[PDB]
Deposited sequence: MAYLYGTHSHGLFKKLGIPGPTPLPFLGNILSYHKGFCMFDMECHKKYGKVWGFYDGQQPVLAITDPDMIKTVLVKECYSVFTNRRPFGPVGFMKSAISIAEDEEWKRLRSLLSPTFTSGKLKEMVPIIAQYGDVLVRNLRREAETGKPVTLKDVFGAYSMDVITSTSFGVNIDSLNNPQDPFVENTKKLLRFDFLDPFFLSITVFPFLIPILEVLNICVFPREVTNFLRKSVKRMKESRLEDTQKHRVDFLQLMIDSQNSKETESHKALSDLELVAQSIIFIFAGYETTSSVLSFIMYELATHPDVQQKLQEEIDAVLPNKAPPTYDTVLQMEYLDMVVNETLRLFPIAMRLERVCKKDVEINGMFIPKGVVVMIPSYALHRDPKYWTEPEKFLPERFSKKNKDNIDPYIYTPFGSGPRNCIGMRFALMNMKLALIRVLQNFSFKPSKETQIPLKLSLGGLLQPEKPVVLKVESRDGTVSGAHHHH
C-alpha cells in the first residue's frame, strides 16, 4: 500500500504527498502535462512522485539531464520503465534492455543513416504527390478538411512503402487488409483504465504474460508476422529486384549476434507504431500554427518557392537548404513534444551532480514543462519560429529542448521523421494555403487524457494556390 512512499521524504526531496496504493495518480486527472507544469512551479528544480508504488524522480537541471541521458546511459540509466504485458514485442528496440538493446541499436543504426534516407526520399516524395492529389479533391469541393485524416493517410502511405514496399493510396483504399491492420497501431494512452489499473496492480502483469495477453493487438501482430514471412519468401524468389525499404535493410543485415527472424518482425512493427500517429500528429500541429499565423505560412511559402522555383519537386539536398522550414518544425515540436516526458530507470545507487538517487527509481525529464519554462524561453506559450533562427539558436540548451530525447537512446528515427514531415509540408505548401474555418478551435485546446493531442480534431479550410 505504501512501502516505498516514504522514499522522497527520507531523501529530503519535495513532491505531492502520495495516497496509499494510488500514490499520486489521481493528480493525472488533467493529463501528464499540467501535472508536470504544476509540480515544476510549486517544487522547483527536482521533485518526486509515485505512480502507484513506483517512485519517480523529476529532474530539470541541464547538467544533471546530460549525466542521465548521455554520460551514465550505459552504466546506470540504460532502460525505460517497463509498462505492461508485451509478449514477443519485448524484442523491439524501444522496449529491449541492457545488452539486448545495445545489440539491436548496433544492428539497426546503419539502417537510419543519411545515406539510406537519401535513397528513401524518392519513395517518400511519391506519396507527397498522392497527398496533394487527395487534398486537391477536398479543396475544389470547399469542404473544411480534418487534418488527422489526410495526414494519417499520408503517414500510413509512407510507412507501408518505406517499410515493406507496399504501395497503397490508403485514404482511398481504407478496406485494404494491410491498412486495416497497421492503422490499429496507435499510441498507448497510459491514463486509460487498463494502464491505470496495471499501475496500481503491477503484480498482475506476469499473470497477463502467462496467458499471452499483450498490449499490442494480437490479430495485428499475427497479420504482420505472417506478412513479413511471405514477403521475405518472395524476395528470395526475385533477387534481381533491388529494394531500399526497411525490410530489405534488415534482411541484408541478417547476414554479415545478427537479427533473429522474430527480432526482425518486432522491429518492423515498432517502426509502424513509432512513426504512424506521431508524424500525423506533428504535421497537424504544424498546419494549425501556420493557419493561425498567416505571416509565418507566407514566409515559409516564399522560402519554398525560392529554393524550388515553379513547384520544383523537393529533394534531399533542397530540403536541407530550407532554414525557415526547419525553424517552423522545431518551434512546433517545442510547443508540442509528443513524448511529453523522457524516462530512465536507475540501475544502481548513484550520486550524480551532488544528488543521491537510489536503485530502482525512475528518473524523468519533463520535456513538455521544460519546453514551456520561462527561465529558458521568452514568452513560452507563443509560437515564435525566430527562436530557432541562426542568430538566436545558440541560446538554446540541448538538454532543455529534447523533442527527440538525447544520448545513445535518443530517437533513432529522428532524421527520417524530420525528412518525412518536411517533404510533406513542402509539397502541400507549394500547392495550397491553409486557413481557419468556422469549425476551427482557436486557441487550440489540448486533451486531458494521456496523449498530447488537440481536444477536438483540427479542421482547416484548404485553398489552391493555382
What gaps appear when the modelled C-alpha atoms are mapped onto the deposited sequence?
1-5, 262-267, 478-487
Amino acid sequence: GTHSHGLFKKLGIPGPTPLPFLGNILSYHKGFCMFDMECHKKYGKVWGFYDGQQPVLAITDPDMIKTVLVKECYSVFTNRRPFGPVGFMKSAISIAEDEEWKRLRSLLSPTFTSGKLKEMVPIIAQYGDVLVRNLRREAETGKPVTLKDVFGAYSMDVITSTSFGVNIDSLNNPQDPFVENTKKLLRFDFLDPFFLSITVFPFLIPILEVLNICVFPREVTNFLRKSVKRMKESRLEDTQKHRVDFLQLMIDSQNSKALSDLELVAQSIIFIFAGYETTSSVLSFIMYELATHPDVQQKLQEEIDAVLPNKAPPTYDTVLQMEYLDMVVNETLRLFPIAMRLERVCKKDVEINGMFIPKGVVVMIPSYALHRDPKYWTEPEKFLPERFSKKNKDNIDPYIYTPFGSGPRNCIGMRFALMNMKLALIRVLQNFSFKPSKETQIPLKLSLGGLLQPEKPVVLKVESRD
From here on, numbers count along this sequence of modelled residues.
Taking the deposited Cα B-factors and averaging over 317-325 and over 162-170, the higher mean is found in 162-170
Select between 10-18 and 438-446 the stretch whose C-alpha atoms have the higher average B-factor in the entry.
438-446
Looking at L208, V265, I198, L384, which has the highest Cα B-factor in the entry?
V265
Which of these has the highest Cα B-factor in the record: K299, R372, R80, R225?
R225
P110: CA B-factor among chain residues, third -> highest
Could you look up the Cα B-factor of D252 in the entry and say which third of the chain it sits in: lowest, middle or highest?
highest
Split the chain's modelled residues into thirds by Cα B-factor; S389 lands in the middle
Place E351 in the lowest, middle or highest third of its chain's C-alpha B-factors, as listed in the PDB entry.
highest
Assigned third (lowest, middle, highest) for the C-alpha B factor of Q126
highest
